[PDB]
Amino acid sequence: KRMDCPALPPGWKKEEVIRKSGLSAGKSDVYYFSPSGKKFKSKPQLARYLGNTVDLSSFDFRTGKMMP
DNA sequence: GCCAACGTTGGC
DNA sequence: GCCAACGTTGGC
C-alpha cells in the first residue's frame with residue numbers, strides 16, 4: 001500500500017516492498033510515487049526531479065521524514 | 001525493449 | 001557489518 005508522505009508536495013506517496021525470494025529475501029525497498037505516478041528509487045533521483053521545490057538534505061529516504 | 005525484482009558494492 | 005544507491009537480468 002502507498003502511504004501519504006506529508007514531508008513532500010501533495011500527492012506524493014511512499015511504498016515499502018519486502019523482498020520475497022533470494023539471498024536478500026526479507027529485506028525491503030522504499031519507493032516514492034509522484035502525483036503523476038512516476039516511480040522513484042533513490043534520494044538523488046527525487047532531488048533531480050524536485051530541485052528547488054524542497055530541500056531534501058535532511059530527508060530520510062527510508063522513513064520519509066525530515067530528520068535533523 | 002521494458003522493468004520489477006534481486007544482486008551487488010562503495011562509502012560509512 | 002550495514003545499507004543507500006544503482007547495476008543486472010528473467011520474464012514478459
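Naming convention: chains lettered A, B, ... in sequence-line order (proteins, then strands); numbering from 1 in each chain. Computation of the quantities below employed the complete heavy-atom set of this structure, encompassing side-chain atoms and omitting hydrogens, waters and symmetry-equivalent molecules.
Annotation: cation-pi geometry satisfied between A:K39 and A:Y31 (NZ/CZ under 6.0 angstrom from ring centroid, within 45° of ring axis).
Rounded to a whole angstrom, the distance from the P atom of C:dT9 to that of C:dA5 is 23 Å. Rounded to a whole angstrom, the distance from the P atom of C:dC6 to that of C:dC2 is 22 Å.
In this structure, the side chains of A:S28 and A:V17 stay at 4.5 Å or more apart for every pair of heavy atoms. Looking only at side-chain heavy atoms (C-beta outward), A:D4 and A:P10 stay at 4.5 Å or farther from each other. A:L46 has its side chain within reach of A:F59: a pair of non-hydrogen atoms, C-beta onward, lies under 4.5 Å apart. Using a 4.5 Å heavy-atom threshold, the side chains of A:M66 and A:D60 count as separate.
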Reading DNA chain B 5' to 3', what string of ( ), [ ], | and . shows its pairs, if Watson-Crick and G-U wobble pairs count only when both distances fall under 3.5 Å?
|||||||.||.|

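Put simply, A:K39 has no side-chain N or O that comes within less than 4.0 Å of OP1 or OP2 on B:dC3. Close to B:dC6, at under 4.0 Å from its OP1 or OP2, lies no side-chain N or O of A:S24. Close to C:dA4, at under 4.0 Å from its OP1 or OP2, lies a side-chain N or O of A:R62.
Spacing between atom OH of A:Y31 and atom P of C:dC6 amounts to 13 Å, rounded to whole angstrom units. Taking atom CD of residue A:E16 and atom P of nucleotide C:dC3, one finds them 12 Å apart after rounding to whole Å. Distance CD (A:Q45) to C1' (C:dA4): 13 Å, rounded to an integer number of Å. In this structure, A:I18 places its CD1 atom 14 Å from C1' of B:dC6, rounding to the nearest Å. Taking atom CZ of residue A:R19 and atom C1' of nucleotide C:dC2, one finds them 14 Å apart after rounding to whole Å. In this structure, A:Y32 atom OH and C:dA4 atom P are separated by 11 Å, rounded to whole Å. One atom, CG of A:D29, and another, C1' of B:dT8, lie 13 Å apart when rounded to the nearest Å. At whole-Å resolution of the value, CG in A:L56 and P in C:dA4 are 15 Å apart.
Taking the six-membered ring for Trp and the full ring otherwise, the centers of A:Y49 and A:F40 sit less than 6.0 Å from each other.
If you check C:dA5, B:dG7, C:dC6 against the side chain of A:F61, the one that comes closest is C:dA5. Minimum atom distance to the side chain of A:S21 is reached by B:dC6, of the listed C:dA4, C:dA5, B:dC6.
Looking at A:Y32, its side chain never comes within 3.5 Å of a backbone N or O of A:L8 through a donor-acceptor pair.
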